[PDB]
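Next up: just one chain, as structure tokens, the form deposited without its partner chain.
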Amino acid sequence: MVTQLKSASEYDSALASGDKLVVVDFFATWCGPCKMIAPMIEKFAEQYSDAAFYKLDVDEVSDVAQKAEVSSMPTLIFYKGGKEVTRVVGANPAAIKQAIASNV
């Protein structure tokens, strides 16, 4: 399951996980590719049980989106030990899957 982050607070606690891969999907409700990739992302969460998946609506938690420097949707950011390891800007199934598999 992909837990929606509702505040800056939730976002940050999500990140203090260490060693555990934390993956955040920055999306918008108006964003088409976001919608098309959302089912895939759920599949990936089932497969990669070693990693915690989340999503954050950029129009609800804007401050977090601006501080994470998200300027296109969807943007998947990969954290480990509270630090950004990488990110994928785009509804790119293959790149997202590889990013998860390789950083778990």
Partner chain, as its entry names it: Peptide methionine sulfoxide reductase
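Numbering follows the first chain given and starts at 1.
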Higher-B stretch (mean Cα B-factor, as the entry records it), 12-20 or 81-89: 12-20
Taking the deposited Cα B-factors and averaging over 69-77 and over 28-36, the higher mean is found in 28-36
By the recorded C-alpha temperature factor, relative to the other modelled residues in its chain, which third is residue 48 in? highest
Thinking about Cα B factors across the chain, which third does residue 1 belong to? highest
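One more form of this protein, deposited with its partner chain bound, exists but is not displayed; see below.
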With the cut-off set at 4.5 Å between non-hydrogen atoms, does residue 91 touch its partner chain in the bound PDB entry? yes
Heavy atoms within 4.5 Å of its partner chain in the bound PDB entry: does residue 64 have any? no
Exercise: residue 32 in contact with its partner chain in the bound PDB entry, heavy atom 4.5 Å: yes
In the bound PDB entry, residue 52 touching its partner chain (heavy atom, 4.5 Å): no
So which residues in 73-90, when you check its partner chain in the bound PDB entry, have a heavy atom no farther than 4.5 Å from it? 73, 74, 90
